[PDB]
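Source file: final05.cif (mmCIF, N, CA, C and O atoms)
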data_work
loop_
_atom_site.label_atom_id
_atom_site.label_comp_id
_atom_site.auth_asym_id
_atom_site.auth_seq_id
_atom_site.Cartn_x
_atom_site.Cartn_y
_atom_site.Cartn_z
N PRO M 1 14.14 49.70 -48.85
CA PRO M 1 14.08 49.47 -47.39
C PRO M 1 12.87 48.71 -46.81
O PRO M 1 11.74 49.19 -46.87
N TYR M 2 13.14 47.53 -46.24
CA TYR M 2 14.50 46.97 -46.09
C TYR M 2 14.73 45.76 -47.01
O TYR M 2 13.84 44.93 -47.17
N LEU M 3 15.90 45.72 -47.65
CA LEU M 3 16.21 44.63 -48.57
C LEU M 3 16.43 43.33 -47.81
O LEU M 3 17.07 43.31 -46.76
N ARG M 4 15.89 42.24 -48.36
CA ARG M 4 16.24 40.90 -47.95
C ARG M 4 16.61 40.09 -49.19
O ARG M 4 16.51 40.56 -50.32
N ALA M 5 17.07 38.88 -48.93
CA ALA M 5 16.96 37.78 -49.88
C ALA M 5 16.31 36.63 -49.15
O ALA M 5 16.52 36.44 -47.95
N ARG M 6 15.51 35.86 -49.87
CA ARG M 6 15.06 34.59 -49.32
C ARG M 6 16.26 33.66 -49.36
O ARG M 6 16.78 33.35 -50.44
N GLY M 7 16.72 33.25 -48.19
CA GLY M 7 18.02 32.62 -48.07
C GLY M 7 18.05 31.24 -48.68
O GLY M 7 17.03 30.61 -48.93
N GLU M 8 19.26 30.80 -48.99
CA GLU M 8 19.51 29.45 -49.46
C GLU M 8 20.03 28.58 -48.32
O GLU M 8 20.00 28.95 -47.15
N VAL M 9 20.49 27.38 -48.68
CA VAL M 9 21.53 26.72 -47.91
C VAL M 9 22.88 27.05 -48.53
O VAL M 9 22.97 27.53 -49.67
N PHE M 10 23.94 26.83 -47.77
CA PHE M 10 25.27 27.21 -48.21
C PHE M 10 25.72 26.31 -49.37
O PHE M 10 25.35 25.14 -49.44
N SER M 11 26.52 26.88 -50.28
CA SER M 11 27.09 26.08 -51.35
C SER M 11 28.30 25.30 -50.85
O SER M 11 29.28 25.87 -50.37
N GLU M 12 28.22 23.98 -50.97
CA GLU M 12 29.11 23.06 -50.26
C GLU M 12 29.96 22.29 -51.26
O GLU M 12 29.51 21.27 -51.80
N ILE M 13 31.18 22.76 -51.48
CA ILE M 13 32.14 22.09 -52.36
C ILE M 13 33.24 21.50 -51.48
O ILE M 13 33.57 22.06 -50.43
N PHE M 14 33.76 20.34 -51.87
CA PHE M 14 34.64 19.62 -50.97
C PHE M 14 35.91 19.14 -51.67
O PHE M 14 35.85 18.70 -52.83
N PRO M 15 37.05 19.20 -50.99
CA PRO M 15 38.35 19.02 -51.66
C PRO M 15 38.65 17.56 -51.98
O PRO M 15 38.54 16.68 -51.13
N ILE M 16 39.01 17.32 -53.24
CA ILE M 16 39.66 16.11 -53.73
C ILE M 16 40.95 16.61 -54.38
O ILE M 16 41.13 17.83 -54.50
N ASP M 17 41.86 15.69 -54.74
CA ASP M 17 43.16 15.99 -55.37
C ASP M 17 44.01 16.89 -54.46
O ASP M 17 44.33 18.04 -54.77
N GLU M 18 44.40 16.30 -53.33
CA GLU M 18 44.92 17.04 -52.19
C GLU M 18 46.44 17.14 -52.13
O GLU M 18 46.95 17.95 -51.36
N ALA M 19 47.18 16.34 -52.90
CA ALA M 19 48.63 16.53 -52.88
C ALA M 19 49.06 17.65 -53.82
O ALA M 19 50.06 18.33 -53.58
N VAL M 20 48.30 17.85 -54.91
CA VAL M 20 48.43 19.08 -55.68
C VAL M 20 48.06 20.27 -54.81
O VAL M 20 48.70 21.33 -54.90
N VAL M 21 47.08 20.11 -53.93
CA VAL M 21 46.79 21.12 -52.91
C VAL M 21 47.97 21.28 -51.97
O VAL M 21 48.27 22.40 -51.54
N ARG M 22 48.72 20.21 -51.68
CA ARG M 22 49.89 20.36 -50.81
C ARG M 22 51.01 21.15 -51.49
O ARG M 22 51.62 22.03 -50.86
N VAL M 23 51.26 20.86 -52.77
CA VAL M 23 52.23 21.63 -53.56
C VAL M 23 51.78 23.08 -53.68
O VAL M 23 52.59 24.02 -53.57
N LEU M 24 50.48 23.30 -53.84
CA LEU M 24 50.00 24.65 -54.07
C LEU M 24 49.87 25.43 -52.76
O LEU M 24 49.99 26.65 -52.77
N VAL M 25 49.72 24.73 -51.63
CA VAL M 25 49.77 25.36 -50.31
C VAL M 25 51.19 25.77 -49.97
O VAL M 25 51.42 26.87 -49.45
N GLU M 26 52.18 24.92 -50.26
CA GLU M 26 53.55 25.36 -49.99
C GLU M 26 54.01 26.43 -50.99
O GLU M 26 54.79 27.31 -50.62
N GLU M 27 53.49 26.41 -52.22
CA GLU M 27 53.72 27.53 -53.14
C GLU M 27 53.06 28.80 -52.64
O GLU M 27 53.66 29.88 -52.69
N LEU M 28 51.82 28.70 -52.15
CA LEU M 28 51.14 29.80 -51.47
C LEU M 28 51.94 30.31 -50.29
O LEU M 28 52.00 31.52 -50.05
N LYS M 29 52.58 29.40 -49.56
CA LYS M 29 53.26 29.76 -48.33
C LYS M 29 54.52 30.56 -48.63
O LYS M 29 54.72 31.65 -48.09
N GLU M 30 55.35 30.04 -49.54
CA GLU M 30 56.55 30.77 -49.95
C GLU M 30 56.20 32.05 -50.70
O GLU M 30 56.89 33.07 -50.53
N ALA M 31 55.11 32.02 -51.47
CA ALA M 31 54.65 33.20 -52.20
C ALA M 31 54.25 34.31 -51.25
O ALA M 31 54.75 35.43 -51.37
N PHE M 32 53.34 34.03 -50.31
CA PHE M 32 52.89 35.04 -49.36
C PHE M 32 54.01 35.50 -48.45
O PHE M 32 54.06 36.68 -48.07
N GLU M 33 54.90 34.57 -48.09
CA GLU M 33 56.13 34.88 -47.37
C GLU M 33 56.92 35.99 -48.05
O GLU M 33 57.14 37.07 -47.48
N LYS M 34 57.28 35.77 -49.31
CA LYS M 34 58.07 36.79 -49.99
C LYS M 34 57.24 37.98 -50.43
O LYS M 34 57.80 39.05 -50.67
N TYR M 35 55.92 37.83 -50.47
CA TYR M 35 55.06 38.99 -50.70
C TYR M 35 55.11 39.95 -49.52
O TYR M 35 55.20 41.17 -49.71
N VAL M 36 55.04 39.41 -48.31
CA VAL M 36 55.19 40.21 -47.10
C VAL M 36 56.57 40.83 -47.05
O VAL M 36 56.73 42.01 -46.71
N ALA M 37 57.59 40.05 -47.42
CA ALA M 37 58.96 40.57 -47.45
C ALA M 37 59.14 41.69 -48.46
O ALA M 37 59.89 42.64 -48.20
N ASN M 38 58.45 41.64 -49.60
CA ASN M 38 58.65 42.66 -50.62
C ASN M 38 57.80 43.91 -50.38
O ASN M 38 58.34 45.00 -50.21
N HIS M 39 56.48 43.76 -50.37
CA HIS M 39 55.64 44.96 -50.40
C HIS M 39 55.57 45.58 -49.02
O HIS M 39 54.74 45.24 -48.18
N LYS M 40 56.48 46.53 -48.81
CA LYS M 40 56.55 47.31 -47.59
C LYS M 40 55.65 48.53 -47.64
O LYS M 40 55.62 49.30 -46.67
N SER M 41 54.90 48.72 -48.73
CA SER M 41 53.81 49.68 -48.73
C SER M 41 52.58 49.13 -48.02
O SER M 41 51.61 49.87 -47.84
N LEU M 42 52.61 47.87 -47.60
CA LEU M 42 51.55 47.26 -46.83
C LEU M 42 51.67 47.53 -45.33
O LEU M 42 50.63 47.65 -44.66
N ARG M 43 52.91 47.66 -44.83
CA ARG M 43 53.22 47.90 -43.41
C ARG M 43 52.57 46.85 -42.51
O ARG M 43 51.96 47.17 -41.49
N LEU M 44 52.72 45.60 -42.90
CA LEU M 44 51.85 44.55 -42.41
C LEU M 44 52.32 44.05 -41.04
O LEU M 44 53.45 44.30 -40.62
N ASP M 45 51.40 43.40 -40.33
CA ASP M 45 51.76 42.67 -39.12
C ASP M 45 52.64 41.49 -39.48
O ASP M 45 52.31 40.69 -40.36
N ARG M 46 53.78 41.39 -38.81
CA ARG M 46 54.87 40.49 -39.18
C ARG M 46 55.18 39.51 -38.06
O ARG M 46 56.34 39.24 -37.75
N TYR M 47 54.13 38.98 -37.44
CA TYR M 47 54.26 38.03 -36.34
C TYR M 47 53.23 36.92 -36.42
O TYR M 47 53.05 36.19 -35.44
N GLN M 48 52.56 36.77 -37.56
CA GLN M 48 51.33 36.01 -37.64
C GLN M 48 51.44 34.76 -38.50
O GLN M 48 51.05 33.68 -38.05
N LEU M 49 51.96 34.88 -39.73
CA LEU M 49 52.12 33.70 -40.57
C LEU M 49 53.22 32.79 -40.04
O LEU M 49 53.22 31.59 -40.31
N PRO P 1 16.05 -9.08 -80.43
CA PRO P 1 16.31 -9.25 -78.98
C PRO P 1 15.51 -10.38 -78.31
O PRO P 1 14.38 -10.63 -78.75
N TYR P 2 16.04 -11.05 -77.28
CA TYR P 2 17.37 -10.80 -76.69
C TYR P 2 18.45 -11.68 -77.31
O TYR P 2 18.23 -12.31 -78.34
N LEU P 3 19.62 -11.74 -76.67
CA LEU P 3 20.81 -12.34 -77.27
C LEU P 3 21.34 -13.48 -76.41
O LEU P 3 21.47 -13.33 -75.19
N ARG P 4 21.64 -14.61 -77.05
CA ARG P 4 22.31 -15.76 -76.45
C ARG P 4 23.15 -16.45 -77.52
O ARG P 4 22.61 -16.87 -78.55
N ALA P 5 24.45 -16.58 -77.26
CA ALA P 5 25.37 -17.14 -78.24
C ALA P 5 26.15 -18.29 -77.61
O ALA P 5 26.16 -18.48 -76.39
N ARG P 6 26.81 -19.07 -78.48
CA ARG P 6 27.57 -20.25 -78.08
C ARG P 6 29.02 -20.11 -78.53
O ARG P 6 29.29 -19.64 -79.65
N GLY P 7 29.97 -20.52 -77.67
CA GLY P 7 31.37 -20.28 -77.92
C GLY P 7 32.05 -21.31 -78.82
O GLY P 7 31.59 -22.44 -78.98
N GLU P 8 33.16 -20.89 -79.43
CA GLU P 8 33.90 -21.77 -80.35
C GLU P 8 34.90 -22.67 -79.63
O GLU P 8 34.65 -23.87 -79.45
N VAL P 9 36.00 -22.08 -79.17
CA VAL P 9 37.22 -22.79 -78.80
C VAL P 9 38.03 -21.89 -77.88
O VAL P 9 37.77 -20.69 -77.78
N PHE P 10 39.02 -22.47 -77.19
CA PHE P 10 39.96 -21.72 -76.37
C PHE P 10 41.21 -21.40 -77.19
O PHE P 10 41.70 -22.24 -77.94
N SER P 11 41.72 -20.17 -77.04
CA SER P 11 43.02 -19.77 -77.56
C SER P 11 43.65 -18.79 -76.58
O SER P 11 43.07 -17.73 -76.30
N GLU P 12 44.83 -19.13 -76.05
CA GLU P 12 45.47 -18.30 -75.03
C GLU P 12 46.97 -18.59 -75.05
O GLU P 12 47.40 -19.65 -74.59
N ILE P 13 47.76 -17.64 -75.57
CA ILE P 13 49.20 -17.81 -75.70
C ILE P 13 49.88 -16.82 -74.74
O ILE P 13 49.23 -15.95 -74.14
N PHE P 14 51.20 -16.97 -74.57
CA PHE P 14 52.00 -16.12 -73.70
C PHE P 14 53.23 -15.60 -74.43
O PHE P 14 53.68 -16.20 -75.41
N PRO P 15 53.80 -14.47 -73.99
CA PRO P 15 55.10 -14.04 -74.52
C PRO P 15 56.24 -14.93 -74.03
O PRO P 15 56.09 -15.77 -73.15
N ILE P 16 57.40 -14.70 -74.64
CA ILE P 16 58.66 -15.28 -74.19
C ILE P 16 59.52 -14.05 -73.92
O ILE P 16 59.02 -12.92 -74.04
N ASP P 17 60.79 -14.24 -73.52
CA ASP P 17 61.78 -13.18 -73.27
C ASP P 17 61.32 -12.25 -72.13
O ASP P 17 60.96 -11.09 -72.34
N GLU P 18 61.31 -12.82 -70.92
CA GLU P 18 60.82 -12.15 -69.72
C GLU P 18 61.62 -10.91 -69.31
O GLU P 18 61.14 -10.15 -68.46
N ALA P 19 62.81 -10.69 -69.87
CA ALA P 19 63.51 -9.43 -69.63
C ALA P 19 62.76 -8.26 -70.26
O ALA P 19 62.76 -7.15 -69.71
N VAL P 20 62.10 -8.50 -71.41
CA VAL P 20 61.21 -7.51 -72.01
C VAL P 20 60.05 -7.22 -71.08
O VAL P 20 59.65 -6.06 -70.91
N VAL P 21 59.53 -8.26 -70.40
CA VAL P 21 58.45 -8.09 -69.42
C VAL P 21 58.89 -7.19 -68.27
O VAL P 21 58.21 -6.22 -67.92
N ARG P 22 60.07 -7.48 -67.69
CA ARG P 22 60.55 -6.72 -66.54
C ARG P 22 60.85 -5.26 -66.89
O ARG P 22 60.29 -4.32 -66.29
N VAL P 23 61.71 -5.04 -67.89
CA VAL P 23 62.11 -3.68 -68.25
C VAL P 23 60.95 -2.92 -68.92
O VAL P 23 60.88 -1.69 -68.82
N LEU P 24 59.97 -3.63 -69.47
CA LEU P 24 58.84 -2.96 -70.08
C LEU P 24 57.79 -2.59 -69.04
O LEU P 24 57.09 -1.59 -69.22
N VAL P 25 57.68 -3.35 -67.95
CA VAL P 25 56.91 -2.89 -66.79
C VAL P 25 57.54 -1.63 -66.21
O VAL P 25 56.83 -0.67 -65.86
N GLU P 26 58.88 -1.57 -66.17
CA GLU P 26 59.54 -0.36 -65.69
C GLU P 26 59.32 0.84 -66.61
O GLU P 26 59.03 1.95 -66.14
N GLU P 27 59.39 0.64 -67.93
CA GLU P 27 59.18 1.75 -68.86
C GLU P 27 57.70 2.14 -68.97
O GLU P 27 57.38 3.31 -69.22
N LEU P 28 56.81 1.18 -68.74
CA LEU P 28 55.38 1.45 -68.68
C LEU P 28 55.05 2.33 -67.48
O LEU P 28 54.28 3.30 -67.60
N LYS P 29 55.62 2.00 -66.32
CA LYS P 29 55.42 2.84 -65.14
C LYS P 29 56.12 4.18 -65.29
O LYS P 29 55.66 5.17 -64.73
N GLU P 30 57.19 4.25 -66.09
CA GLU P 30 57.80 5.54 -66.43
C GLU P 30 56.83 6.42 -67.22
O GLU P 30 56.66 7.61 -66.91
N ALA P 31 56.19 5.85 -68.25
CA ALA P 31 55.23 6.61 -69.06
C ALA P 31 54.02 7.06 -68.24
O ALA P 31 53.58 8.21 -68.35
N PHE P 32 53.49 6.17 -67.40
CA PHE P 32 52.34 6.58 -66.61
C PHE P 32 52.74 7.48 -65.44
O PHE P 32 51.91 8.26 -64.98
N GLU P 33 53.99 7.41 -64.98
CA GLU P 33 54.53 8.40 -64.05
C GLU P 33 54.53 9.79 -64.68
O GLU P 33 54.16 10.77 -64.04
N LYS P 34 54.97 9.88 -65.94
CA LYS P 34 54.92 11.16 -66.65
C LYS P 34 53.48 11.64 -66.85
O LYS P 34 53.22 12.85 -66.78
N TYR P 35 52.54 10.73 -67.09
CA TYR P 35 51.14 11.15 -67.22
C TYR P 35 50.52 11.57 -65.88
O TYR P 35 49.70 12.49 -65.84
N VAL P 36 50.95 10.97 -64.77
CA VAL P 36 50.53 11.43 -63.44
C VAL P 36 51.19 12.77 -63.10
O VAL P 36 50.61 13.61 -62.40
N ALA P 37 52.39 13.01 -63.63
CA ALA P 37 52.99 14.34 -63.55
C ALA P 37 52.19 15.36 -64.36
O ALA P 37 52.08 16.52 -63.96
N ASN P 38 51.64 14.94 -65.49
CA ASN P 38 50.72 15.76 -66.27
C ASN P 38 49.37 15.96 -65.59
O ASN P 38 48.64 16.90 -65.93
N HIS P 39 49.02 15.11 -64.62
CA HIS P 39 47.72 15.12 -63.94
C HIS P 39 47.50 16.22 -62.90
O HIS P 39 46.65 16.04 -62.02
N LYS P 40 48.25 17.32 -62.97
CA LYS P 40 48.20 18.39 -61.96
C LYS P 40 46.81 19.00 -61.81
O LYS P 40 46.40 19.35 -60.71
N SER P 41 46.10 19.17 -62.92
CA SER P 41 44.75 19.73 -62.92
C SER P 41 43.69 18.71 -63.34
O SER P 41 42.63 19.10 -63.84
N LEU P 42 43.95 17.42 -63.13
CA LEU P 42 43.11 16.36 -63.68
C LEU P 42 42.31 15.62 -62.61
O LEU P 42 41.83 14.51 -62.88
N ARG P 43 42.20 16.19 -61.41
CA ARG P 43 41.24 15.78 -60.36
C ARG P 43 41.54 14.38 -59.82
O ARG P 43 40.64 13.57 -59.64
N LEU P 44 42.82 14.11 -59.56
CA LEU P 44 43.29 12.78 -59.19
C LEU P 44 43.64 12.76 -57.70
O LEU P 44 44.42 13.58 -57.23
N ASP P 45 43.07 11.80 -56.97
CA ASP P 45 43.56 11.52 -55.63
C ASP P 45 44.82 10.67 -55.75
O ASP P 45 44.83 9.65 -56.45
N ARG P 46 45.88 11.09 -55.06
CA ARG P 46 47.25 10.97 -55.56
C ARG P 46 48.01 9.72 -55.12
O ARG P 46 49.23 9.70 -55.27
N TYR P 47 47.35 8.70 -54.58
CA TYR P 47 48.08 7.58 -53.99
C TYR P 47 47.97 6.29 -54.79
O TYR P 47 47.84 5.21 -54.21
N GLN P 48 48.02 6.37 -56.12
CA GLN P 48 47.95 5.19 -56.98
C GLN P 48 49.26 4.88 -57.69
O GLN P 48 49.28 4.01 -58.56
N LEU P 49 50.35 5.58 -57.35
CA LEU P 49 51.63 5.32 -57.99
C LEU P 49 52.19 3.97 -57.56
O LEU P 49 52.42 3.08 -58.39
#
Written as structure tokens, how would this file's structure read?
Amino acid sequence: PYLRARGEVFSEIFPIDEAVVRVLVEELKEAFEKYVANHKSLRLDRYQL
Amino acid sequence: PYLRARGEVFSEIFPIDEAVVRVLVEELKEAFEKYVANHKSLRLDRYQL
């Protein structure tokens, strides 16, 4: 007490290869879609995505 | 070192049978299309097809 860290600057990585990102975003989209549809043990908010 | 050389002669020939040129450009782009399909994790910005 009290813990600190001597801070950095933020780690800054930037996207290249973005159409594979487009395929993987629509895969993410259908994936999370059917994830919400399946796992009803989540009781999730269903008005947001 | 260093290097300085002198040239011999010109030699520059061409193919014949331009149908091989046309359909082989098509099959060449087929092969590199398959390699760009393989390029999913190969860090490629995607507008060179």
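Residue neighbourhood of stretch 14-26 of chain M, excluding near-sequence residues (fewer than 2 positions): residues 12, 28, 29, 30 and 31 of chain M; 40, 43, 44, 45 and 46 of chain P, at 6 Å, using only N, CA, C and O atoms.
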Can you superpose chain M onto chain P by least squares over all C-alpha atoms paired in order and give the moved copy as a compact mmCIF listing (two decimals) with N, CA, C and O atoms, in the frame of the given file?
# COMPACT_ATOMS: atom_id res chain seq x y z
N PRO M 1 16.53 -9.20 -79.63
CA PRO M 1 16.25 -9.70 -78.27
C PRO M 1 15.81 -11.16 -78.09
O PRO M 1 14.74 -11.56 -78.56
N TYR M 2 16.65 -11.95 -77.40
CA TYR M 2 17.90 -11.47 -76.77
C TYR M 2 19.15 -12.00 -77.49
O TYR M 2 19.18 -13.16 -77.90
N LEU M 3 20.13 -11.12 -77.69
CA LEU M 3 21.35 -11.51 -78.39
C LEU M 3 22.18 -12.45 -77.54
O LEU M 3 22.33 -12.25 -76.33
N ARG M 4 22.74 -13.48 -78.18
CA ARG M 4 23.78 -14.30 -77.60
C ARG M 4 24.94 -14.38 -78.60
O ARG M 4 24.86 -13.88 -79.72
N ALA M 5 26.01 -15.00 -78.13
CA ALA M 5 26.97 -15.67 -79.01
C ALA M 5 27.13 -17.07 -78.48
O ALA M 5 27.07 -17.31 -77.27
N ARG M 6 27.34 -18.01 -79.39
CA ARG M 6 27.77 -19.34 -78.96
C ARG M 6 29.22 -19.20 -78.54
O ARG M 6 30.08 -18.85 -79.36
N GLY M 7 29.48 -19.42 -77.26
CA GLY M 7 30.75 -19.03 -76.67
C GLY M 7 31.89 -19.88 -77.16
O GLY M 7 31.73 -20.96 -77.71
N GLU M 8 33.09 -19.32 -77.02
CA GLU M 8 34.32 -20.03 -77.30
C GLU M 8 34.95 -20.54 -76.01
O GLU M 8 34.35 -20.53 -74.94
N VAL M 9 36.19 -21.02 -76.13
CA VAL M 9 37.12 -20.96 -75.02
C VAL M 9 37.96 -19.70 -75.16
O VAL M 9 38.01 -19.06 -76.22
N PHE M 10 38.61 -19.30 -74.07
CA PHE M 10 39.35 -18.05 -74.05
C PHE M 10 40.60 -18.17 -74.94
O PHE M 10 41.18 -19.24 -75.07
N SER M 11 40.99 -17.04 -75.55
CA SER M 11 42.22 -17.02 -76.32
C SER M 11 43.42 -16.87 -75.39
O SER M 11 43.54 -15.91 -74.64
N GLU M 12 44.32 -17.85 -75.46
CA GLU M 12 45.35 -18.06 -74.45
C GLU M 12 46.73 -17.85 -75.05
O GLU M 12 47.29 -18.77 -75.66
N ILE M 13 47.27 -16.65 -74.87
CA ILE M 13 48.62 -16.31 -75.33
C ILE M 13 49.51 -16.18 -74.10
O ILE M 13 49.05 -15.77 -73.03
N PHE M 14 50.77 -16.59 -74.23
CA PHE M 14 51.60 -16.70 -73.05
C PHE M 14 52.98 -16.06 -73.24
O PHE M 14 53.57 -16.18 -74.33
N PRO M 15 53.50 -15.39 -72.22
CA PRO M 15 54.67 -14.52 -72.40
C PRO M 15 55.98 -15.31 -72.52
O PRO M 15 56.28 -16.18 -71.71
N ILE M 16 56.73 -14.98 -73.56
CA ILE M 16 58.14 -15.32 -73.74
C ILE M 16 58.83 -13.97 -73.94
O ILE M 16 58.14 -12.95 -74.05
N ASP M 17 60.18 -13.95 -73.92
CA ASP M 17 61.01 -12.74 -74.08
C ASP M 17 60.69 -11.71 -72.98
O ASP M 17 60.19 -10.61 -73.22
N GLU M 18 61.04 -12.11 -71.76
CA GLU M 18 60.55 -11.46 -70.55
C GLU M 18 61.48 -10.39 -69.98
O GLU M 18 61.04 -9.62 -69.13
N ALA M 19 62.74 -10.31 -70.41
CA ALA M 19 63.56 -9.21 -69.91
C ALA M 19 63.33 -7.93 -70.70
O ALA M 19 63.46 -6.83 -70.17
N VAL M 20 62.99 -8.08 -71.99
CA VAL M 20 62.44 -6.95 -72.74
C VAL M 20 61.13 -6.52 -72.11
O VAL M 20 60.84 -5.31 -72.03
N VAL M 21 60.34 -7.46 -71.61
CA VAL M 21 59.16 -7.14 -70.80
C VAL M 21 59.57 -6.43 -69.53
O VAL M 21 58.87 -5.51 -69.08
N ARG M 22 60.73 -6.75 -68.94
CA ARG M 22 61.16 -6.04 -67.73
C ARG M 22 61.54 -4.59 -68.03
O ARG M 22 61.16 -3.68 -67.28
N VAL M 23 62.27 -4.37 -69.13
CA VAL M 23 62.60 -3.02 -69.58
C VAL M 23 61.33 -2.25 -69.93
O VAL M 23 61.18 -1.06 -69.60
N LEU M 24 60.36 -2.93 -70.53
CA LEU M 24 59.17 -2.23 -70.98
C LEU M 24 58.17 -2.02 -69.84
O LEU M 24 57.41 -1.06 -69.87
N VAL M 25 58.24 -2.85 -68.79
CA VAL M 25 57.47 -2.63 -67.57
C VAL M 25 58.03 -1.46 -66.79
O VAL M 25 57.27 -0.62 -66.28
N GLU M 26 59.36 -1.35 -66.68
CA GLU M 26 59.89 -0.18 -65.98
C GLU M 26 59.73 1.10 -66.82
O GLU M 26 59.53 2.17 -66.25
N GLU M 27 59.74 0.98 -68.15
CA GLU M 27 59.37 2.13 -68.99
C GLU M 27 57.91 2.50 -68.82
O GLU M 27 57.58 3.68 -68.71
N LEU M 28 57.02 1.50 -68.77
CA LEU M 28 55.62 1.70 -68.42
C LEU M 28 55.47 2.36 -67.07
O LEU M 28 54.60 3.22 -66.89
N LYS M 29 56.32 1.99 -66.12
CA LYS M 29 56.17 2.45 -64.75
C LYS M 29 56.54 3.93 -64.65
O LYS M 29 55.76 4.73 -64.13
N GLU M 30 57.70 4.29 -65.19
CA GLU M 30 58.11 5.69 -65.20
C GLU M 30 57.20 6.53 -66.09
O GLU M 30 56.90 7.69 -65.75
N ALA M 31 56.71 5.94 -67.19
CA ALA M 31 55.79 6.63 -68.09
C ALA M 31 54.49 6.97 -67.39
O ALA M 31 54.08 8.13 -67.40
N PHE M 32 53.82 5.97 -66.81
CA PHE M 32 52.55 6.20 -66.12
C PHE M 32 52.72 7.10 -64.91
O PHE M 32 51.83 7.90 -64.60
N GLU M 33 53.86 6.95 -64.22
CA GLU M 33 54.25 7.84 -63.14
C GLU M 33 54.20 9.31 -63.57
O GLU M 33 53.43 10.11 -63.02
N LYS M 34 54.94 9.64 -64.62
CA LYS M 34 54.95 11.04 -65.04
C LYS M 34 53.69 11.43 -65.80
O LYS M 34 53.39 12.62 -65.89
N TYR M 35 52.93 10.45 -66.28
CA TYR M 35 51.62 10.75 -66.85
C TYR M 35 50.66 11.24 -65.77
O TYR M 35 49.93 12.21 -65.99
N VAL M 36 50.65 10.56 -64.63
CA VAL M 36 49.86 10.99 -63.49
C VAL M 36 50.33 12.34 -63.00
O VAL M 36 49.52 13.23 -62.69
N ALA M 37 51.65 12.54 -62.96
CA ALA M 37 52.20 13.83 -62.55
C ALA M 37 51.83 14.96 -63.50
O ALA M 37 51.59 16.09 -63.05
N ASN M 38 51.72 14.69 -64.80
CA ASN M 38 51.43 15.76 -65.74
C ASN M 38 49.94 16.05 -65.87
O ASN M 38 49.49 17.15 -65.59
N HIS M 39 49.16 15.06 -66.31
CA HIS M 39 47.78 15.37 -66.68
C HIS M 39 46.92 15.49 -65.44
O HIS M 39 46.37 14.52 -64.92
N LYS M 40 46.80 16.73 -64.99
CA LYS M 40 45.97 17.09 -63.86
C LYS M 40 44.54 17.38 -64.28
O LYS M 40 43.71 17.72 -63.42
N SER M 41 44.21 17.23 -65.57
CA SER M 41 42.82 17.20 -65.99
C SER M 41 42.19 15.84 -65.71
O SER M 41 40.98 15.69 -65.91
N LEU M 42 42.97 14.87 -65.24
CA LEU M 42 42.47 13.57 -64.85
C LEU M 42 41.94 13.54 -63.41
O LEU M 42 40.98 12.80 -63.15
N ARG M 43 42.54 14.36 -62.53
CA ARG M 43 42.18 14.45 -61.10
C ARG M 43 42.22 13.08 -60.42
O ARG M 43 41.31 12.70 -59.69
N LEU M 44 43.30 12.37 -60.67
CA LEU M 44 43.32 10.93 -60.45
C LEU M 44 43.59 10.61 -58.98
O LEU M 44 44.05 11.46 -58.22
N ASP M 45 43.23 9.39 -58.59
CA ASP M 45 43.64 8.86 -57.30
C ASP M 45 45.14 8.67 -57.27
O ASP M 45 45.73 8.06 -58.17
N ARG M 46 45.78 9.22 -56.25
CA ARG M 46 47.23 9.38 -56.18
C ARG M 46 47.81 8.66 -54.97
O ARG M 46 48.68 9.17 -54.27
N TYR M 47 47.30 7.45 -54.72
CA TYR M 47 47.74 6.63 -53.59
C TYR M 47 47.85 5.17 -53.96
O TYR M 47 47.96 4.33 -53.06
N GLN M 48 47.83 4.84 -55.25
CA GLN M 48 47.56 3.49 -55.71
C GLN M 48 48.75 2.84 -56.41
O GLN M 48 49.11 1.72 -56.06
N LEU M 49 49.35 3.52 -57.39
CA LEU M 49 50.51 2.95 -58.06
C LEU M 49 51.72 2.93 -57.14
O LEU M 49 52.63 2.12 -57.33
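Across the structure, atom CA of residue M:32 and atom O of residue M:47 are spaced 14.0 Å apart.
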Each side padded by 5 Å, which centre and which edge lengths in Å (one decimal) define the axis-aligned box around the listed atoms of stretch 19-29 of chain P? Give them as AutoDock Vina command-line options.
--center_x 58.9 --center_y -2.8 --center_z -68.4 --size_x 19.2 --size_y 25.9 --size_z 17.3
Separating atom N of residue P:42 from atom O of residue M:13, to the nearest tenth of an Å, is a gap of 17.0 Å
For this session: Mind listing the helix (DSSP H, G or I) residues of chain P, per DSSP on the backbone, as a list in words?
Result: residues 18, 19, 20, 21, 22, 23, 24, 25, 26, 27, 28, 29, 30, 31, 32, 33, 34, 35, 36, 37, 38, 39, 40 and 41 of chain P
